[PDB]
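Below is one structure; the comments refer to it alone.
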There are 2 protein chains.
Amino acid sequence: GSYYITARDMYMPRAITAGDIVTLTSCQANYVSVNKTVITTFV
Amino acid sequence: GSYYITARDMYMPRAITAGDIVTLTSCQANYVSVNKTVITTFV
């Protein structure tokens, strides 16, 4: 149900942060397209 | 009008995120000094 980034060698699940993203003005149906934001920023 | 970071080899414009910044308590008039924040964080 949730979403997590991980390293390429160690299985270490962790919540996605704001500094591991790339914003692009294109998506071509090879994605997931969640209706809500999945950045998980802070208050 | 807008502002974008880019890589040093490929012309690929993209919005500036929160994890590509360095906060320093100094600026010496070799800057732009926008009155509004240009971090573009998320809700």
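Naming scheme: A, B, ... for chains in displayed order of the structure tokens; residues 1 onward per chain; ligands 1 onward as shown.
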
Leaving out stretch 17-24 of chain B and any residue of its chain fewer than 2 positions from it, which residues lie within 8 Å of it when counting only C-alpha atoms, given as a list in words?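 The neighbour list is residues 18, 19, 20, 21 and 22 of chain A; 15, 26, 27, 39, 40 and 41 of chain B.
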
Near residue B:7, counting only C-alpha atoms, which residues have an atom at most 12 Å away, once you skip same-chain residues fewer than 3 positions from it, shown as a tab-separated table (two decimals) with N, CA, C and O atoms, in the first residue's frame?
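Printed below is part24.tsv as written:
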```
chain	number	residue	atom	x	y	z
A	22	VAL	N	12.81	14.43	-8.81
A	22	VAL	CA	13.09	15.14	-10.05
A	22	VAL	C	11.76	15.57	-10.64
A	22	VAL	O	10.93	14.72	-10.99
B	4	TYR	N	15.26	27.78	-12.70
B	4	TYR	CA	15.41	26.34	-12.87
B	4	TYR	C	16.86	25.94	-12.65
B	4	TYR	O	17.77	26.66	-13.06
B	10	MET	N	23.74	18.20	-19.75
B	10	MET	CA	22.53	18.09	-20.55
B	10	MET	C	21.61	19.26	-20.23
B	10	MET	O	21.30	19.51	-19.06
B	11	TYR	N	21.17	19.98	-21.26
B	11	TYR	CA	20.21	21.06	-21.05
B	11	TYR	C	18.86	20.47	-20.72
B	11	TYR	O	18.10	20.08	-21.61
B	12	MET	N	18.54	20.41	-19.43
B	12	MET	CA	17.33	19.74	-18.95
B	12	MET	C	16.76	20.59	-17.83
B	12	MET	O	17.12	20.43	-16.66
B	13	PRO	N	15.87	21.52	-18.16
B	13	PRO	CA	15.31	22.40	-17.13
B	13	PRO	C	14.34	21.65	-16.23
B	13	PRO	O	13.63	20.74	-16.66
B	14	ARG	N	14.33	22.06	-14.96
B	14	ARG	CA	13.59	21.37	-13.92
B	14	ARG	C	13.44	22.30	-12.74
B	14	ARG	O	14.30	23.15	-12.49
B	16	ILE	N	13.37	23.74	-9.01
B	16	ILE	CA	14.29	23.58	-7.89
B	16	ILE	C	13.55	22.97	-6.71
B	16	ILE	O	12.41	23.35	-6.39
B	20	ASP	N	18.43	20.58	-2.82
B	20	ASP	CA	19.52	21.05	-3.66
B	20	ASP	C	19.93	22.45	-3.27
B	20	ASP	O	20.32	23.27	-4.11
```

Give the answer as one residue: which of B:42, B:31, B:36, B:1 has the shortest atom-to-atom distance to chain A, using only C-alpha atoms?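 Under the stated criterion, the closest residue is B:42.
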
Please measure the separation of atom CA of residue B:29 and atom CA of residue B:3, giving the value in Å to one decimal. 18.5 Å

Under the rule that only C-alpha atoms are counted, which of B:5, B:25, B:38, B:32 is the nearest residue to chain A?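 Closest residue, counting only C-alpha atoms: B:5.
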
One decimal, Å: what's the distance from atom CA of residue B:34 over to atom CA of residue B:6, could you say? 19.4 Å
